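Everything on this sheet refers to the single structure shown next.
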Amino acid sequence: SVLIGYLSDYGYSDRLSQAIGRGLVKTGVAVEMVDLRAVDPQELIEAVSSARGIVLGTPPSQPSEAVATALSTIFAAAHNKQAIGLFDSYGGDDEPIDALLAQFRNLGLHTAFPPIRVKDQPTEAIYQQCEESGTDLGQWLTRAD
């Protein structure tokens with residue numbers, strides 16, 4: 001399955017993450033959504049290790065205690081047999097896509113789709129790209145089985 005993690009009400013995370021999620025479920029992949037601001041670390045761990053793919057919205061530079069712990073827990077559990085889909089949440093002071101991408105590739109992950117770079121208010125175009133990215137990731141998984 002694919003785990004989609006993001007911050008509730010941070011930038012356009014809910015909306016971009018939902019658009020990617022919509023693309024993903026249409027292909028028949030089971031999507032597991034998690035709110036980094038409040039999810040339980042213990043389950044997050046199991047959720048990540050069994051995930052065939054991980055989709056993460058960019059988290060702000062100075063993340064809080066819960067989300068830094070959540071973030072660290074994903075990195076700690078992510079491994080080399082899975083894909084990473086990154087999308088810019090367009091929040092306030094958030095971590096650059098490139099930085100996260102480096103971390104994941106070093107753990108041995110490949111990209112689930114091209115990073116979704118949003119540098120302005122997400123338009124319908126951007127949401128279509130999120131949906132298409134979810135669809136593509138889904139079909140890539142539906143075929144690798």
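Letters A, B, ... mark the chains of the structure tokens in the order given; residue numbers begin at 1 per chain; ligand numbers begin at 1, in order shown.
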**OP:** Please provide as a list in words all residues within 6 Å of region 77-94 of chain A, with the sequence filter that same-chain residues fewer than 2 positions apart are discarded (counting only C-alpha atoms).
**Re:** residues 10, 11, 12, 13, 49, 52, 53, 54, 55, 56, 57, 58, 59, 60, 61, 74, 75, 107, 108, 109, 110, 111, 112, 113, 115, 116, 117 and 118 of chain A
Near residue 8 (chain A), counting only C-alpha atoms, which residues have an atom at most 9 Å away, once you skip same-chain residues fewer than 4 positions from it, shown as a PDB file with C-alpha atoms, in the first residue's frame?
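Saved result, result10.pdb, follows:
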```
ATOM      1  CA  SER A  13      -1.348  19.835   2.284  1.00  0.00           C
ATOM      2  CA  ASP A  14      -4.900  18.522   2.811  1.00  0.00           C
ATOM      3  CA  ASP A  35      -1.550  13.437  10.100  1.00  0.00           C
ATOM      4  CA  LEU A  36       2.019  14.027  11.272  1.00  0.00           C
ATOM      5  CA  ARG A  37       0.804  16.608  13.812  1.00  0.00           C
ATOM      6  CA  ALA A  38      -1.053  13.916  15.743  1.00  0.00           C
TER       7      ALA A  38
END
```
Subject >> Residues flagged helix (DSSP H, G or I) by DSSP in chain A, as a count of residues only >> reply: 67
Closest atom pairs, residues of region 37-134 of chain A within 8 Å of region 15-32 of chain A, only C-alpha atoms, as a Markdown table:
```
| residue | atom | partner | partner_atom | distance |
| --- | --- | --- | --- | --- |
| A:47 | CA | A:32 | CA | 7.9 |
| A:57 | CA | A:17 | CA | 7.3 |
| A:87 | CA | A:16 | CA | 7.8 |
| A:89 | CA | A:16 | CA | 7.3 |
| A:127 | CA | A:19 | CA | 6.0 |
| A:128 | CA | A:19 | CA | 7.5 |
| A:130 | CA | A:20 | CA | 4.6 |
| A:131 | CA | A:23 | CA | 4.3 |
| A:132 | CA | A:23 | CA | 6.0 |
| A:133 | CA | A:20 | CA | 6.4 |
| A:134 | CA | A:23 | CA | 4.3 |
```
**OP:** Find the residues near residue 51 (chain A): any atom within 8 Å, counting only C-alpha atoms, skip ones fewer than 5 places away on the same chain, and give them as a PyMOL selection string.
**Re:** chain A and resi 1-3+82
Could you list, as a PDB file with N, CA and C atoms, in the first residue's frame, every residue within 12 Å of residue 66 (chain A), counting only C-alpha atoms and ignoring same-chain residues fewer than 2 positions away?
```pdb
ATOM      1  N   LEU A   7       0.780  17.442   7.070  1.00  0.00           N
ATOM      2  CA  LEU A   7       0.354  18.179   8.253  1.00  0.00           C
ATOM      3  C   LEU A   7      -1.040  18.737   8.031  1.00  0.00           C
ATOM      4  N   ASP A  35      -1.754  12.030   9.788  1.00  0.00           N
ATOM      5  CA  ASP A  35      -1.550  13.437  10.100  1.00  0.00           C
ATOM      6  C   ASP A  35      -0.326  13.437  11.007  1.00  0.00           C
ATOM      7  N   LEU A  36       0.775  13.996  10.515  1.00  0.00           N
ATOM      8  CA  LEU A  36       2.019  14.027  11.272  1.00  0.00           C
ATOM      9  C   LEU A  36       1.908  14.805  12.593  1.00  0.00           C
ATOM     10  N   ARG A  37       1.022  15.798  12.622  1.00  0.00           N
ATOM     11  CA  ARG A  37       0.804  16.608  13.812  1.00  0.00           C
ATOM     12  C   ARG A  37       0.227  15.805  14.965  1.00  0.00           C
ATOM     13  N   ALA A  38      -0.423  14.682  14.673  1.00  0.00           N
ATOM     14  CA  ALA A  38      -1.053  13.916  15.743  1.00  0.00           C
ATOM     15  C   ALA A  38      -0.984  12.391  15.725  1.00  0.00           C
ATOM     16  N   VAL A  39      -0.440  11.794  14.673  1.00  0.00           N
ATOM     17  CA  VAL A  39      -0.393  10.334  14.602  1.00  0.00           C
ATOM     18  C   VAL A  39       0.493   9.680  15.657  1.00  0.00           C
ATOM     19  N   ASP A  40       0.136   8.458  16.043  1.00  0.00           N
ATOM     20  CA  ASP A  40       0.898   7.705  17.034  1.00  0.00           C
ATOM     21  C   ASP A  40       2.136   7.094  16.378  1.00  0.00           C
ATOM     22  N   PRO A  41       3.328   7.378  16.930  1.00  0.00           N
ATOM     23  CA  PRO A  41       4.610   6.880  16.418  1.00  0.00           C
ATOM     24  C   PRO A  41       4.721   5.369  16.203  1.00  0.00           C
ATOM     25  N   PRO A  59       7.412  19.444   5.040  1.00  0.00           N
ATOM     26  CA  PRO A  59       7.188  19.944   6.395  1.00  0.00           C
ATOM     27  C   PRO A  59       8.094  21.115   6.724  1.00  0.00           C
ATOM     28  N   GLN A  62      11.224  24.594  10.956  1.00  0.00           N
ATOM     29  CA  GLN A  62      11.260  24.433  12.373  1.00  0.00           C
ATOM     30  C   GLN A  62       9.955  23.725  12.716  1.00  0.00           C
ATOM     31  N   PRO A  63       9.957  22.390  12.597  1.00  0.00           N
ATOM     32  CA  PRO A  63       8.790  21.550  12.891  1.00  0.00           C
ATOM     33  C   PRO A  63       8.692  21.462  14.436  1.00  0.00           C
ATOM     34  N   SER A  64       7.500  21.154  14.928  1.00  0.00           N
ATOM     35  CA  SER A  64       7.273  21.047  16.359  1.00  0.00           C
ATOM     36  C   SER A  64       7.727  19.695  16.870  1.00  0.00           C
ATOM     37  N   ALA A  68       8.361  16.543  14.330  1.00  0.00           N
ATOM     38  CA  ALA A  68       9.771  16.262  14.105  1.00  0.00           C
ATOM     39  C   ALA A  68       9.961  14.803  14.470  1.00  0.00           C
ATOM     40  N   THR A  69       9.237  14.379  15.499  1.00  0.00           N
ATOM     41  CA  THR A  69       9.306  12.997  15.955  1.00  0.00           C
ATOM     42  C   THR A  69       8.672  12.112  14.881  1.00  0.00           C
ATOM     43  N   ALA A  70       7.573  12.599  14.315  1.00  0.00           N
ATOM     44  CA  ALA A  70       6.878  11.874  13.263  1.00  0.00           C
ATOM     45  C   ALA A  70       7.825  11.764  12.061  1.00  0.00           C
ATOM     46  N   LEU A  71       8.409  12.899  11.683  1.00  0.00           N
ATOM     47  CA  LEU A  71       9.322  12.958  10.551  1.00  0.00           C
ATOM     48  C   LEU A  71      10.483  11.986  10.751  1.00  0.00           C
ATOM     49  N   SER A  72      11.137  12.071  11.912  1.00  0.00           N
ATOM     50  CA  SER A  72      12.265  11.196  12.226  1.00  0.00           C
ATOM     51  C   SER A  72      11.865   9.728  12.185  1.00  0.00           C
ATOM     52  N   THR A  73      10.630   9.444  12.585  1.00  0.00           N
ATOM     53  CA  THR A  73      10.152   8.074  12.594  1.00  0.00           C
ATOM     54  C   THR A  73      10.001   7.501  11.181  1.00  0.00           C
TER      55      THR A  73
END
```
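Running DSSP on the backbone gives strand (DSSP E or B) for these residues within chain A: residues 2, 3, 4, 5, 6, 31, 32, 33, 34, 35, 53, 54, 55, 56, 57, 60, 83, 84, 85, 86, 87, 94, 110, 111 and 116 of chain A.
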Original post:
What separation in Å, quoted to one decimal, exists between CA of residue 67 (chain A) and CA of residue 101 (chain A)?
Top reply: 17.9 Å
